[PDB]
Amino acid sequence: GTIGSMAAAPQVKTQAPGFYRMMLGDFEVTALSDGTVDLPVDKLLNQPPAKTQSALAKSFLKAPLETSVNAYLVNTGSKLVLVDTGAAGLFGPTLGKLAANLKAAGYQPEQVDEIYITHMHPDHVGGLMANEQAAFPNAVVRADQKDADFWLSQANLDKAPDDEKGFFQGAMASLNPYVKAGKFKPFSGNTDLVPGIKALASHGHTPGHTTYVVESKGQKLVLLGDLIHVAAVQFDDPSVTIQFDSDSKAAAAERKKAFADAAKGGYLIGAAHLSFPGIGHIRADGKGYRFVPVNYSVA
């Protein structure tokens, strides 16, 4: 090149901050990404790999599938509440981004009033704890009593097979600061939590798996937790379950109920493992369902 020609600019590669703002009536919703993680869904889904492979190909995907891990912040005006918290470092080095994305979204952990846990798998409770301390120093954490009593019981850890013991260890370590400080407040099934947010039992994926129903000024968003893991399989065929389910029959029943109710009601859903931000509508589509992601909107 000519004298002092500059080298070609290197690729930057880093992703944009993983948060997405959406108004819901008077409430401000911020989808928060914890990162993604590859899942061997051909092996984990409870059907023959060839059927999964064919379904993935139809959506231009292949296993291992990069799967989003999402949480949802809701500012109701009177309360700042966080639904799920990501994995922290419990599920590998690609997750644990929630804390940075919360900061990029303009909030600090000390501002969070209440945290609602859909279920105590590591990629939903790991974000509660850092350095054996509560990462959210003012928050009250709530989850179903059945989930608490299953995952936070020493007997169930000691009965669990070796490759499942970490789920109980991680849940206990994640909840312990709050339990010790008197800031873990269970509920039992369908419960009003704060004005505008209710717990709706959706048991199956875990014994206390809970859906959170957010409503303001007639605008409803139903946060489904882990009622779905693999959009490219489970919207066309909601009967396909996954090894991560504690009770796969109940999990399939709860997913079918939620999809049918959302199709009938025409309201928004948000789900922890739909491609970030994981927010959209559902319409019936023959024997299955079609997801309609929200339109990109800027205030």
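Don't overthink the numbering: it's just position in the shown sequence, from 1.
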Notebook entry, point to check: Between 207-215 and 166-174, which has the higher average C-alpha B-factor in the PDB entry?
Noted result: 166-174
Note to self: Using only C-alpha atoms and the B-factors in the entry, which stretch averages higher, 119-127 or 155-163?
What the structure shows: 155-163
Next item on the list: Within this chain's modelled residues, let me know which third the CA B factor of residue 289 belongs to: lowest, middle or highest.
Entry: highest
Margin query: Per the entry's values, where does residue 30 land by CA temperature factor relative to the rest of its chain, in the lowest, middle or highest third?
Written below: lowest
Next item on the list: Give the position of residue 21 by CA B-factor within its chain, expressed as the lowest, middle or highest third.
Entry: lowest
Checklist line | Within-chain third of residue 134 by Cα B-factor, per the entry | finding: middle
Note to self: Using only modelled residues of the chain, where does the Cα B factor of residue 41 rank: lowest third, middle third or highest third?
What the structure shows: highest
